[PDB]
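J.: Okay, here's the structure, questions in a sec.
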Amino acid sequence: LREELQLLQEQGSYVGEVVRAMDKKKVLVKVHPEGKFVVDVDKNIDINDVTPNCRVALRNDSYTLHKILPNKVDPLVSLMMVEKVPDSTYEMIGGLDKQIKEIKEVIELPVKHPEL
Amino acid sequence: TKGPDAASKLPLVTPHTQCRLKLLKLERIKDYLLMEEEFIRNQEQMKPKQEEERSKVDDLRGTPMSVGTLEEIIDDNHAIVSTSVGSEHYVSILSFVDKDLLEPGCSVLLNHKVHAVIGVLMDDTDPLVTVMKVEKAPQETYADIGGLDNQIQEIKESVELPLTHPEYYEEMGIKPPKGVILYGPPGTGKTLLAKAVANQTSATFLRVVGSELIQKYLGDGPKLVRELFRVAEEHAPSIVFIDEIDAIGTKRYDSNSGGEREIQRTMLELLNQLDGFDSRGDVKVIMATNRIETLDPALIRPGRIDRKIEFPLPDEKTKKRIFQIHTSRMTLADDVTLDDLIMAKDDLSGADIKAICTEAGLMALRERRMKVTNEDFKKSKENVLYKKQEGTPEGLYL
Amino acid sequence: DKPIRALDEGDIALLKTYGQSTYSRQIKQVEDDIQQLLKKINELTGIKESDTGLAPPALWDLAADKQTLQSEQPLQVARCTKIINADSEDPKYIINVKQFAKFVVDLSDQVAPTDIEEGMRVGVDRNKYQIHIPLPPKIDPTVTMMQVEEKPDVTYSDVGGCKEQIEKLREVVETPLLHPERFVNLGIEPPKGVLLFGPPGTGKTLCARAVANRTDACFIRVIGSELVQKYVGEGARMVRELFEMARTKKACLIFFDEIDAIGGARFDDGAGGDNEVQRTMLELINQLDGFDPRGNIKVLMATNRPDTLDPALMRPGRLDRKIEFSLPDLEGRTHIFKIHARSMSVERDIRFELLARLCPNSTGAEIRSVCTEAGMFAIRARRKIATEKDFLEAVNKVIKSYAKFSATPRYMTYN
Amino acid sequence: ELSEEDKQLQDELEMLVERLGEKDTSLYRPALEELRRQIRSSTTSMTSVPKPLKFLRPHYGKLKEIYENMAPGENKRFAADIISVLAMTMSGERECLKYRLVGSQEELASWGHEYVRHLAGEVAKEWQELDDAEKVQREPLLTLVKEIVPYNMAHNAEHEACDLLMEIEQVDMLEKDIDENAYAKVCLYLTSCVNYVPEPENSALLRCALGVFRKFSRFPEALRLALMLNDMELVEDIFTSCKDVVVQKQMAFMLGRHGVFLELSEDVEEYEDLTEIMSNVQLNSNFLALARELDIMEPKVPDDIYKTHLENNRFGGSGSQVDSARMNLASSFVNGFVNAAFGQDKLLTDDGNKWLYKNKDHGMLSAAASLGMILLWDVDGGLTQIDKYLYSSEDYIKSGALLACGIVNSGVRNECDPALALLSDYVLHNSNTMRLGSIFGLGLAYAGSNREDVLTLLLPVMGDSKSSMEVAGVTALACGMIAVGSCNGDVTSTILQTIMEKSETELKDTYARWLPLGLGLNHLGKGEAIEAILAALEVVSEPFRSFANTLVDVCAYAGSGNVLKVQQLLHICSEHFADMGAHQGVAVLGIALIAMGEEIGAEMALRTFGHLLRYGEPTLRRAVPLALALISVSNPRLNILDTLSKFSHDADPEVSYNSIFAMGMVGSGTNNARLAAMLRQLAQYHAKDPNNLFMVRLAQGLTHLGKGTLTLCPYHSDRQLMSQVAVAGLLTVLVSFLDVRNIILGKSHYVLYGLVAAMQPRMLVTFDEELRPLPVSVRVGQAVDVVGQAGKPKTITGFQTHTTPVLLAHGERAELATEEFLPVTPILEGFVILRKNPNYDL
Ligand SMILES: Nc1ncnc2c1ncn2[C@@H]1O[C@H](COP(=O)(O)OP(=O)(O)OP(=O)(O)O)[C@@H](O)[C@H]1O
Ligand SMILES: Nc1ncnc2c1ncn2[C@@H]1O[C@H](COP(=O)(O)OP(=O)(O)OP(=O)(O)O)[C@@H](O)[C@H]1O
Ligand SMILES: [Mg+2]
Ligand SMILES: [Mg+2]
């Protein structure tokens, strides 16, 4: 509980996109309301991992890049990726066995066994 | 100057057969890559000056560094700089900055606290433009194109030969063609030819969709086009490929359509970049479109687009070449007579031949065979070729 | 027919094993580790350090840069909106900090009240907002880059077949400047604007380049992408500052290249349309003619689609003269052929009249393309001299090969 | 899941395999007969899944033990066959091999193509797993190969046959098994695989292909592989075996192109014609025809080559009226190289003495050599003009005239040998300049000769204590390049004694670098005999011990592609510690010269050189551009030129100098207008420094060499045939260029003329059987193989139609578009002879 409280009182960190690395010690980032910033990188964070357009987190004091964070996705596009799969089944499709095999020759065979 | 950033490519390993020669060449590639890895790993490991220079300069400028827009140069060390919030500040220019680099409108690195000019940001390239640059050259080469000898020759004379052999052009007095539109029915090899020339070229290559150069905000479309062409200028020998120019190249017309007028403004900026006031320099443009008749005449006119390369539906010899190329990696039987597929008038294109080969492979896999036969190809022809509905009139003409 | 049977795991294993496997596994593994090795090299080098404005060490060598940093202080730029002048002893000064706010401040003791006039821009301290230094008047950067300052190498001898167009252009942009006395004597006010219009590639931009080449005055090549700004009313302000800069120069020249971009037709049935672009066009209209006379600012406008322009803009008070560039006649096309084949390594027997007659409806750009294609044909088969047959083949390849579908059997209809 | 037929077949297979539980008499013959029948039926069919093998997933442990106990006769052999077929799909490598090894022999053909391939792979695995500890297992594997190879030969599977025969290290059976329709495929496979296979298997493969080509009587190809092996005895054997006089003339043309001059006995008819063709006396004449085909008779002047009319004359009429010596030397090199081999110049032919009189000492030698180098391959024509300048007032320039002779006799030979006669009385001259000129002219005139008389005459110079250090270095390089790629024990011992007796203080100079040179120049392409060489050189002390070891390591593995030697050289380069960086520079040149053997290795050496440049210390940065020049001589690749242009503006003068020379060498003779423009821009930028201007003008001369009709490529025959003389010439020039200021910018401009030893022209002059020129329509294009190992001649695409003679740029080949003529040599390079087609009917 005390550790949670102490982590809570720490200032919230900005989140900014990445244009490109610049020095192996500095990163060009772009925060939401202000413009670009050439900022330092945290010791643990490796430069070869911060790729352009990767939505890093910067400290609120010196804008230091301290986390890589998940990549940005247009909110509207992310809603197009299904999470809860539907309930339809191949056994619930009647009379389309040939069609099912034909489509699975493209949707199942290549991804499962590209070696063929 | 900022010379071309040509895409990197590994040497082609041939034969493509699963033989020991391919193993030896690939292992030579692995050997040299391991040599490079060993050298680049032991270089910094044995590194025991300029550290004082860095500890002074970086400490003086400090982090983070704000990025502002230079507006005025008042004194030799004072400048009016507008921050990204639009607020102007009269700040000082520190000594460790090249005064010749400072120009009005340039992107300038300022201190976070006093906003004083600590440096100048060189690139400041729009991320939507730096993604257009090609880093990994496509694997398709001129050896993967069957037929199309005239088209390949024209494109080589346009965008390839001037780079390697400008002697002919300079000696005779021609300015080499600096604009090519690859037009024809879909699946004929336009994008394939663009991939091949990108693979072969030693100049920087920019790939555009003809639709990613279009932006939400009102003035960002033409501005993005200008940024793309300026970047092409920076890396002097450049090739700008705009696939599906139909998206913006459509004919100009008068209507309210508040978005369409911005569309036309973007295309107008494009044609200004191609041929307008001030020279364009040593940057070639390759444009591809299925429908050319719908393009604006001022865009495809000579001087802007010097050559119009037609990609017709392949003929018998060309189709035979496509089949030979695309079944090269296959294991053909002895009963296969490809000729029957090449003849007849199915109006099949190179993409159609590729799909025929793929579907013949799938048909062979259906019969658990790793080697294709004539019957598999015959089945694949009818299975895949069913594209057009009628396309023909009745028995009126004798 | 016989249904396709499924591919069981044993079948998959057999197909992927019952075949070439002496080197297939090794080749595939080598390729995969080759890709991984390439990724390793790219990651381990992976810097391409961005260039920054770091001067050579001997240039700065300044330990006093920190002294300048701490001693000198930043100043926000703000224009003194008004002089309050309470008693001429505690006058007070209303200033406007761009978009931040507006304030009532006093000058620092460094500057004198007579040196701070109303309306000028001054630097204010960030704490007490007190005036600290007068500043030169604002000059928009992009507006000063809109100027050319570098005459292109296109002379008037490189524009063939447009003698009337060139003479009418020089009558509006050159003659009233070099020799104004030829007009005031006759009491004629020369036109202050010209609209260059015609088919694409006929030579409007070439004539504009020639004008800029021998203007001898201030030439401003307006970029159509900068009058179109993101924010509302910024394009109109762009036009205002552009015209003000032109007025600062003595008898400036402005060339609105491709005026269709910001010269559309005003409308409201589209439920909003452009509005901002229409407002910028309306402000350009106001600057061209109306109250607040424009002055000695001759305006050049070019567009190869003039029918979409606003009738208010097309009105002969803003664009007085309307020079039309038409498809060159036979003599003009011969002149263009001679111009564009001057530097080529061709034969001396080329009948350029024949080639000009072989391209009935063709712009000058098409003639240049024909010359370049003739050179290309002479290069393909490696001849160092381009003969007449090369030019004929080029004419067929450029004009006839894309003109129409009137094939020779269909062309037998005429004799 | 399965089907009705599949289920029935599975049930039958399970019943057949389960019946083997007991020892009933009517079990082993019936069950194994049925299993054999089904397996043979399925395997001897199309590549369909072997349904019995898919159904069969039992354990053979009971089958193996019963094999051990039942029926010592044929039934255990049937069981062995069945389990071998089963384990081919599974992982039973050793067991699957020995089942066919000791089981029923029958034949491998009776099973199937896939079974044969799997057995071949397992046999290769076992052979690589079997050492010389026992030969008992080797013999039955050899017997298996005896049938595996003909199967592949008859079923177009020459790939697997060749691979297996390379694994077993035995390749004799290809001599007796190759057919008429398949010799080209296997021969091309070997000639491509030789480059990448390491020692000593490459030489064995080369001689195997040589024997195959001799058996099939493809004599020109036999000559190509003989020069690849670099052994004179088999070349003589091929020369004797050549019964067709047209092929004799063709092989004489190729021998002259390679510069191999073998003594011909009078027993061979038409000896005089072959000798005069091999002396290459006709070439100049053909060149003249070449030029008069392109209307490029008129020679050029350095003023127009520099295009002073385009350079911004910032100082007009006040800063160009002074003629410095160094710019005059550069202009001499230009008004030479550019107009070379055309038989005429407009400033050195009509105003000779006036030109030479504005040169001092070194300029005299340079201009005298360039006077001979303005007319190539005309011994009598060259000497008719060179004699007067040999009779000059300043007798010190006499030596320069000898260079002219040595630079005129280059690429040609005369029966009377004017060069040997002219320099025999001048080699022993006591004057340092006189002896230097004599030895350099003798070396240039006699490149690749290996004549014992000249070597013996050159021997006493090494032992002469009076001879200066630069005289000793030039003598060593001349001895090495007269004995290129021969491992001459006489020259090796002489140079070893000379370096052993040399003192450290006298070794510290730059010219001592030329002492290993000739030693290394004696051992090009022969890395086997260099163990003794390195042992002998280990006596001398470091750092020059390491320097000489590195240099001889380069010279031994010239184009070998030995990646282990390259790894050693890269380790040398990467060791971050003046003379210490010389080892790293020599090792960088070593990576270059080893990697230039293969296109893939060269293109990766590009990336390694880039990494070295962007992450190396100053000495490596200076060294790399020489390596880049070596990699792509006369091959104006745009990426290389762009990197060199980027580094031509470097703040390190040596790096910029080396980059400029790399521009000159890589773009030499290509007449690249882009390279010419970049060189003009570099001249404008570097207008103040005399050295940068001198070297940029030298690069312009190199790139305008012969008005674009000359190349310095040390490679021939589709870049597969190396040239020892050319490799030696570039090696000398580059190692001298390792110290630009002291050697190139010092007293040794004449070393540049060593490039003329590598000066080889490009044409497509076509001759008839009687050697008259014959115009033939030729289809010219890129040699990009659109196939795999189909044996095609790279399937020339990018076609263009030409009439001979034709100019072929580097990387672009030619083919005969007319069936009316048949070329004796299928490689259309240089001068060729076309036989009228007897098959063609009008
Ligand atoms: N002439 C050809 N030779 C070889 N392959 C071809 C040829 N034409 C088409 N193909 C094959 O077709 C594939 C798809 O064609 P491609 O991408 O070039 O289409 P396109 O002509 O640009 O069509 P679109 O109008 O859709 O842009 C290519 O990847 C290539 O493998
Ligand atoms: N009369 C002429 N003489 C010589 N060249 C000409 C002539 N007319 C046109 N050209 C050529 O046409 C080329 C392109 O024409 P230009 O740039 O003037 O197009 P435009 O008609 O203004 O079209 P847009 O509608 O894009 O504004 C010029 O580079 C020039 O070489
Ligand atoms: Mg496409
Ligand atoms: Mg125009």
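Naming scheme: A, B, ... for chains in displayed order of the structure tokens; residues 1 onward per chain; ligands 1 onward as shown.
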Enumerate as a PyMOL selection string the residues within 9 Å of ligand 2, counting only C-alpha atoms and all ligand atoms.

T.: (chain B and resi 268+271-272+274-277+297-299+301-304) or (chain C and resi 157-163+196-209+257-258+302-305+325+327-328+332-333+335-337+339-340+363-369)

J.: For residue 329 (chain C), work out the shell of residues within 9 Å, counting only C-alpha atoms and skipping chain neighbours fewer than 6 positions away, then give it as a PyMOL selection string.

T.: chain C and resi 161+356-357+360-361

J.: Using only C-alpha atoms and all ligand atoms, find each protein or nucleic acid residue lying at most 9 Å from ligand 1; present the set as an mmCIF file with C-alpha atoms, in the first residue's frame.

T.:
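Resulting contents of pocket-v4.cif:
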```cif
data_model
loop_
_atom_site.group_PDB
_atom_site.id
_atom_site.type_symbol
_atom_site.label_atom_id
_atom_site.label_comp_id
_atom_site.auth_asym_id
_atom_site.auth_seq_id
_atom_site.Cartn_x
_atom_site.Cartn_y
_atom_site.Cartn_z
ATOM 1 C CA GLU B 140 11.668 -8.242 -58.348
ATOM 2 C CA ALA B 143 14.829 -10.828 -65.139
ATOM 3 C CA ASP B 144 11.376 -11.435 -63.609
ATOM 4 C CA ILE B 145 9.573 -9.528 -66.394
ATOM 5 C CA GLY B 146 8.532 -11.600 -69.397
ATOM 6 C CA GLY B 147 8.344 -9.758 -72.680
ATOM 7 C CA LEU B 148 7.754 -6.019 -72.296
ATOM 8 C CA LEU B 182 2.880 3.660 -67.192
ATOM 9 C CA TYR B 183 -0.706 3.219 -68.378
ATOM 10 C CA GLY B 184 -2.654 0.143 -69.403
ATOM 11 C CA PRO B 185 -5.109 -2.528 -68.325
ATOM 12 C CA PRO B 186 -4.551 -3.784 -64.775
ATOM 13 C CA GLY B 187 -2.213 -6.685 -64.148
ATOM 14 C CA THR B 188 0.023 -5.946 -67.138
ATOM 15 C CA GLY B 189 3.233 -5.113 -65.268
ATOM 16 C CA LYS B 190 3.237 -1.411 -64.407
ATOM 17 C CA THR B 191 3.830 -1.796 -60.668
ATOM 18 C CA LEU B 192 6.087 -4.752 -61.475
ATOM 19 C CA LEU B 193 8.188 -2.511 -63.719
ATOM 20 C CA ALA B 194 8.313 0.094 -60.949
ATOM 21 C CA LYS B 195 9.545 -2.587 -58.542
ATOM 22 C CA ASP B 243 1.172 4.636 -58.315
ATOM 23 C CA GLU B 244 -2.529 5.134 -59.073
ATOM 24 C CA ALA B 288 0.946 4.494 -63.088
ATOM 25 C CA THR B 289 -2.792 4.453 -63.748
ATOM 26 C CA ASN B 290 -5.311 1.952 -65.071
ATOM 27 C CA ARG B 291 -7.422 4.669 -66.739
ATOM 28 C CA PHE B 311 1.101 -1.809 -71.193
ATOM 29 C CA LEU B 313 -2.569 -7.286 -72.680
ATOM 30 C CA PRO B 314 0.227 -9.808 -73.348
ATOM 31 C CA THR B 318 4.794 -12.421 -74.097
ATOM 32 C CA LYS B 319 2.366 -14.856 -72.447
ATOM 33 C CA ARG B 321 7.513 -15.684 -71.500
ATOM 34 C CA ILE B 322 5.309 -15.053 -68.451
ATOM 35 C CA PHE B 323 4.543 -18.761 -68.136
ATOM 36 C CA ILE B 325 9.211 -17.157 -65.786
ATOM 37 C CA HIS B 326 6.459 -17.977 -63.298
ATOM 38 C CA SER B 349 -2.600 -10.802 -68.287
ATOM 39 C CA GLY B 350 0.626 -11.406 -66.387
ATOM 40 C CA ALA B 351 -1.208 -11.397 -63.064
ATOM 41 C CA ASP B 352 -3.651 -13.868 -64.611
ATOM 42 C CA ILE B 353 -0.737 -16.132 -65.577
ATOM 43 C CA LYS B 354 0.657 -15.868 -62.043
ATOM 44 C CA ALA B 355 -2.712 -16.882 -60.605
#
```

J.: Just list as a PyMOL selection string whatever in region 216-270 of chain B DSSP marks as alpha helix (DSSP H).

T.: chain B and resi 220-234+246-249+258-270

J.: Can you write just those residues out, C-alpha atoms, as a short mmCIF file (atom, residue, chain, number, x, y, z; two decimals), in the first residue's frame?

T.:
```cif
data_model
loop_
_atom_site.label_atom_id
_atom_site.label_comp_id
_atom_site.auth_asym_id
_atom_site.auth_seq_id
_atom_site.Cartn_x
_atom_site.Cartn_y
_atom_site.Cartn_z
CA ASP B 220 -1.59 20.31 -45.88
CA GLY B 221 -2.15 18.53 -49.20
CA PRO B 222 -0.19 20.81 -51.53
CA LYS B 223 2.23 21.47 -48.68
CA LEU B 224 2.85 17.72 -48.36
CA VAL B 225 3.39 17.44 -52.11
CA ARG B 226 5.87 20.32 -51.97
CA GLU B 227 7.66 18.68 -49.03
CA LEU B 228 7.89 15.37 -50.90
CA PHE B 229 9.32 16.99 -54.01
CA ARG B 230 11.76 19.11 -51.96
CA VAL B 231 12.97 15.93 -50.25
CA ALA B 232 13.40 14.42 -53.72
CA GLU B 233 15.50 17.48 -54.61
CA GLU B 234 17.66 17.04 -51.50
CA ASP B 246 -5.92 8.49 -61.06
CA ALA B 247 -6.66 9.37 -57.41
CA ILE B 248 -5.46 12.95 -57.91
CA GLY B 249 -4.76 13.14 -61.65
CA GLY B 258 -15.37 21.91 -51.09
CA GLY B 259 -13.16 18.84 -50.81
CA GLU B 260 -12.77 18.37 -54.55
CA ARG B 261 -11.42 21.89 -54.96
CA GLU B 262 -8.73 21.01 -52.42
CA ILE B 263 -8.18 17.82 -54.44
CA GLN B 264 -7.60 19.95 -57.53
CA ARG B 265 -5.35 22.31 -55.57
CA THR B 266 -3.18 19.36 -54.51
CA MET B 267 -2.96 18.12 -58.10
CA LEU B 268 -2.17 21.68 -59.24
CA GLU B 269 0.71 21.82 -56.76
CA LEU B 270 1.87 18.47 -58.13
#
```

J.: Write down, as a ChimeraX atom specification, each residue of chain C that has any atom within 10 Å of an atom of chain D, counting only C-alpha atoms.

T.: /C:5-15,17-23,45,380-384

J.: Can you work out which residues from chain A touch chain B at a cut-off of 7 Å (counting only C-alpha atoms) and hand them back as a PyMOL selection string?

T.: chain A and resi 19+34-40+62-63

J.: With N, CA and C atoms kept, could you save the residues just selected as a PDB file, in the first residue's frame?

T.:
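Done, and the output landed in result36.pdb:
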```pdb
ATOM      1  N   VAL A  19       9.534  10.962 -34.026  1.00  0.00           N
ATOM      2  CA  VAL A  19       9.827  11.223 -35.429  1.00  0.00           C
ATOM      3  C   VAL A  19      11.009  10.391 -35.907  1.00  0.00           C
ATOM      4  N   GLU A  34       1.937  20.716 -27.489  1.00  0.00           N
ATOM      5  CA  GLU A  34       3.060  21.511 -27.970  1.00  0.00           C
ATOM      6  C   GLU A  34       3.680  20.835 -29.192  1.00  0.00           C
ATOM      7  N   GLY A  35       4.836  21.329 -29.614  1.00  0.00           N
ATOM      8  CA  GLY A  35       5.530  20.858 -30.794  1.00  0.00           C
ATOM      9  C   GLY A  35       6.627  19.863 -30.480  1.00  0.00           C
ATOM     10  N   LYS A  36       7.630  19.823 -31.351  1.00  0.00           N
ATOM     11  CA  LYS A  36       8.686  18.827 -31.244  1.00  0.00           C
ATOM     12  C   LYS A  36       9.660  19.164 -30.121  1.00  0.00           C
ATOM     13  N   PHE A  37      10.292  18.120 -29.588  1.00  0.00           N
ATOM     14  CA  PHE A  37      11.298  18.239 -28.541  1.00  0.00           C
ATOM     15  C   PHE A  37      12.409  17.235 -28.808  1.00  0.00           C
ATOM     16  N   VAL A  38      13.656  17.688 -28.749  1.00  0.00           N
ATOM     17  CA  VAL A  38      14.803  16.789 -28.785  1.00  0.00           C
ATOM     18  C   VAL A  38      15.150  16.458 -27.339  1.00  0.00           C
ATOM     19  N   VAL A  39      14.915  15.210 -26.940  1.00  0.00           N
ATOM     20  CA  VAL A  39      14.929  14.836 -25.535  1.00  0.00           C
ATOM     21  C   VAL A  39      15.944  13.728 -25.302  1.00  0.00           C
ATOM     22  N   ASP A  40      16.353  13.596 -24.044  1.00  0.00           N
ATOM     23  CA  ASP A  40      17.242  12.525 -23.632  1.00  0.00           C
ATOM     24  C   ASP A  40      16.474  11.208 -23.534  1.00  0.00           C
ATOM     25  N   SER A  62      12.132  16.740 -17.371  1.00  0.00           N
ATOM     26  CA  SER A  62      13.064  17.039 -18.447  1.00  0.00           C
ATOM     27  C   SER A  62      12.671  16.367 -19.754  1.00  0.00           C
ATOM     28  N   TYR A  63      11.446  15.849 -19.843  1.00  0.00           N
ATOM     29  CA  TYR A  63      10.944  15.191 -21.046  1.00  0.00           C
ATOM     30  C   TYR A  63      11.787  13.974 -21.417  1.00  0.00           C
TER      31      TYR A  63
END
```

J.: List every residue of region 148-260 of chain C that DSSP, applied to the backbone of this structure, assigns to strand (DSSP E), and report them as a PDB file with C-alpha atoms, in the first residue's frame.

T.:
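File states_29.pdb, as written:
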```pdb
ATOM      1  CA  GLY C 193      -2.721  43.129 -64.972  1.00  0.00           C
ATOM      2  CA  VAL C 194      -2.414  40.356 -67.539  1.00  0.00           C
ATOM      3  CA  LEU C 195      -4.044  36.914 -67.565  1.00  0.00           C
ATOM      4  CA  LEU C 196      -2.035  34.363 -69.551  1.00  0.00           C
ATOM      5  CA  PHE C 197      -4.392  31.601 -70.675  1.00  0.00           C
ATOM      6  CA  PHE C 219       9.539  39.814 -59.243  1.00  0.00           C
ATOM      7  CA  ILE C 220       7.418  37.741 -56.855  1.00  0.00           C
ATOM      8  CA  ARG C 221       6.568  34.167 -57.879  1.00  0.00           C
ATOM      9  CA  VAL C 222       3.545  33.533 -55.674  1.00  0.00           C
ATOM     10  CA  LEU C 253       5.997  42.625 -60.363  1.00  0.00           C
ATOM     11  CA  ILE C 254       3.803  39.791 -59.073  1.00  0.00           C
ATOM     12  CA  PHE C 255       3.152  36.525 -60.930  1.00  0.00           C
ATOM     13  CA  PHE C 256       0.303  34.384 -59.571  1.00  0.00           C
ATOM     14  CA  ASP C 257       1.309  31.124 -61.217  1.00  0.00           C
TER      15      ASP C 257
END
```

J.: State, in Å with one decimal place, the distance from CA of residue 184 (chain C) to CA of residue 244 (chain C).

T.: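 Distance between the two atoms: 25.8 Å.
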
J.: Counting only C-alpha atoms, which residues of chain B come no farther than 8 Å from chain D, as an MDAnalysis selection string?

T.: chainID B and resid 3:4 6 10:12 14:17 19:21 24:25 28:29 31:33 35:36 39:40 42:43 46:47 143:144 149 153 163:167 170 202 325 328 367:371

J.: For residue 104 (chain C), list every protein, DNA or RNA residue within 10 Å, evaluated using only C-alpha atoms, and leave out those in the same chain fewer than 4 positions away; present the list as a ChimeraX atom specification.

T.: /C:80-84,92-96,129-130

J.: Residues of chain B no more than 6 Å from chain C, counting only C-alpha atoms: send them over as number ranges by chain.

T.: B: 18, 23, 30, 71, 88-91, 95-98, 104-105, 114, 119-122, 172-174, 218-219, 222, 256, 258, 265, 298, 302-303

J.: Would you list the contacts of region 455-462 of chain D as a ChimeraX atom specification, taking every protein, DNA or RNA residue within 12 Å and counting only C-alpha atoms, but skipping same-chain residues closer than 4 positions in sequence?

T.: /D:420,423-430,432,435-436,438-440,442-443,446-451,466-483,488-502,515,518

J.: Please provide the set of residues having any atom within 9 Å of residue 297 (chain D), restricted to only C-alpha atoms, with same-chain residues fewer than 6 positions apart removed, written as a ChimeraX atom specification.

T.: /D:288,291,342-344

J.: Create the file for the chosen residues now, containing N, CA and C atoms and written as a short mmCIF file (atom, residue, chain, number, x, y, z; two decimals), in the first residue's frame.

T.:
```cif
data_model
loop_
_atom_site.label_atom_id
_atom_site.label_comp_id
_atom_site.auth_asym_id
_atom_site.auth_seq_id
_atom_site.Cartn_x
_atom_site.Cartn_y
_atom_site.Cartn_z
N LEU D 288 43.23 1.29 -84.61
CA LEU D 288 43.10 2.41 -85.54
C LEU D 288 41.80 2.31 -86.31
N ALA D 291 39.02 3.28 -84.13
CA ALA D 291 38.85 4.72 -83.99
C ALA D 291 38.24 5.32 -85.24
N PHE D 342 45.88 6.40 -80.03
CA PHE D 342 45.27 6.87 -81.27
C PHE D 342 46.29 7.26 -82.32
N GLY D 343 47.58 7.16 -82.01
CA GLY D 343 48.62 7.41 -83.00
C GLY D 343 48.88 8.86 -83.32
N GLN D 344 48.27 9.80 -82.60
CA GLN D 344 48.47 11.21 -82.91
C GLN D 344 48.08 12.06 -81.71
#
```

J.: Please provide the set of residues having any atom within 10 Å of residue 9 (chain B), restricted to only C-alpha atoms, with same-chain residues fewer than 3 positions apart removed, written as a compact mmCIF listing (two decimals) with C-alpha atoms, in the first residue's frame.

T.:
```txt
# COMPACT_ATOMS: atom_id res chain seq x y z
CA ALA B 6 20.09 4.41 -52.36
CA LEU B 12 21.37 -12.02 -56.03
CA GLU B 135 14.92 1.42 -47.67
CA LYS B 136 14.63 -2.25 -48.73
CA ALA B 137 14.78 -2.60 -52.50
CA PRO B 138 12.09 -4.94 -53.87
CA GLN B 139 13.26 -8.40 -54.88
CA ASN B 199 15.59 -2.76 -57.50
CA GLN B 200 18.01 -1.88 -60.31
CA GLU D 603 29.61 -6.45 -53.22
```

J.: Pick out the chain A residues within 6 Å of chain C. Count only C-alpha atoms. Give them as an MDAnalysis selection string.

T.: chainID A and resid 22:24 48

J.: What lies within 9 Å of region 63-71 of chain D using only C-alpha atoms, ignoring chain neighbours under 2 positions off, as an MDAnalysis selection string?

T.: chainID D and resid 20 23 28 59:61 73:77 79:80 83
